[PDB]
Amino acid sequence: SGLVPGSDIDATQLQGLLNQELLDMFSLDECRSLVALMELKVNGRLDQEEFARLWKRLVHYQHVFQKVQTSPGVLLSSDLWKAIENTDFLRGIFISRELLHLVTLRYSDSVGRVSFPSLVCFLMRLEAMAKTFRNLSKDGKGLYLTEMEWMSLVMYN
């Protein structure tokens, strides 16, 4: 259990596992986002391959949070740039100062702390969204999307 030997794990199961193993808790909604970001065969659950992908990232994020935190479980908003730098999955991704500011507002609590579940969500989403662009763009400058393409990319994540 929480090993995914040819079996699957859904968001509800994933939540119980992450909260028991890693921990500020992961919400069920966040786990549904994690499933959405990591699915290859889209069916609302993670097979062994998809789970391995998620797990490798989670292990990595644990290390990054441990390295960057000011104290056990406390990562400061002003150190979020260091979390990005320490996340190899983001290689080649450069965000603007303004975008960093927006993500800081979105992922940090009211006293300038970023929880582990919040950091996980942010780093996985940043990677997914940056890779979508880089992979779909024909010139690396812009992206053209159909309505249906746009809506699917922005709604299932």
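Don't overthink the numbering: it's just position in the shown sequence, from 1.
Per the record, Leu23 and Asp24 are separated by 4 to 9 deposited residues that are missing from the model. Per the PDB record, of the two stretches 106 to 114 and 29 to 37, 106 to 114 carries the greater mean B-factor over its C-alpha atoms. When 58 to 66 is weighed against 40 to 48, 40 to 48 comes out higher, by mean CA B-factor as recorded in the entry. Among all modelled residues in its chain, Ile84 ranks in the lowest third by Cα B-factor. Among the modelled residues of its chain, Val154 has a C-alpha B-factor that falls in the lowest third according to the deposited record.
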